[PDB]
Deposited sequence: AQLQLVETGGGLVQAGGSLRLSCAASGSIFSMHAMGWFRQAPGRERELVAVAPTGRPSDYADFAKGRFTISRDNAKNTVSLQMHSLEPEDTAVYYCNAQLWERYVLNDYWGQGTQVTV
């Protein structure tokens, strides 16, 4: 019943592709959004791309063109295809799931996957 988020597809890479994926399980009544954030040492956590229900995907400036998010609303999976990676993109990447529960939007986070460029 408890929401669980399983992330896959991290690792080491060099400048110029890598794909992340997350699958949610547990009691999901209404998933408002699934997305990917990232955090590097000494920096704040930041949005990479989010796919809200019924709306266009939202990309951070640095992800435009390079990255593509893909959400399967039925399966509660979200993937992120990254191209043209730079050393500046090195970070722990987190899946975010935003669920409506008792009329409040609650955030849930994956345990994080290291991406090194």
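Residues of the deposited sequence with no modelled C-alpha atom fall in a single range, 17.
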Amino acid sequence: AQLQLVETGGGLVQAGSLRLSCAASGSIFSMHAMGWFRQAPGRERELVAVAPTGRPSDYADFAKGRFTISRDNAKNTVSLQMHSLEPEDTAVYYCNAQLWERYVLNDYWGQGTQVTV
From here on, numbers count along this sequence of modelled residues.
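As listed in the deposited structure, the average C-alpha B-factor of 48-56 and of 78-86 is greater for 78-86.
The question of which stretch, 57-65 or 32-40, has the higher mean Cα B factor is settled in favour of 57-65. When the C-alpha B-factors of 23, 97, 105, 12 are read from the PDB record, the largest value belongs to 12.
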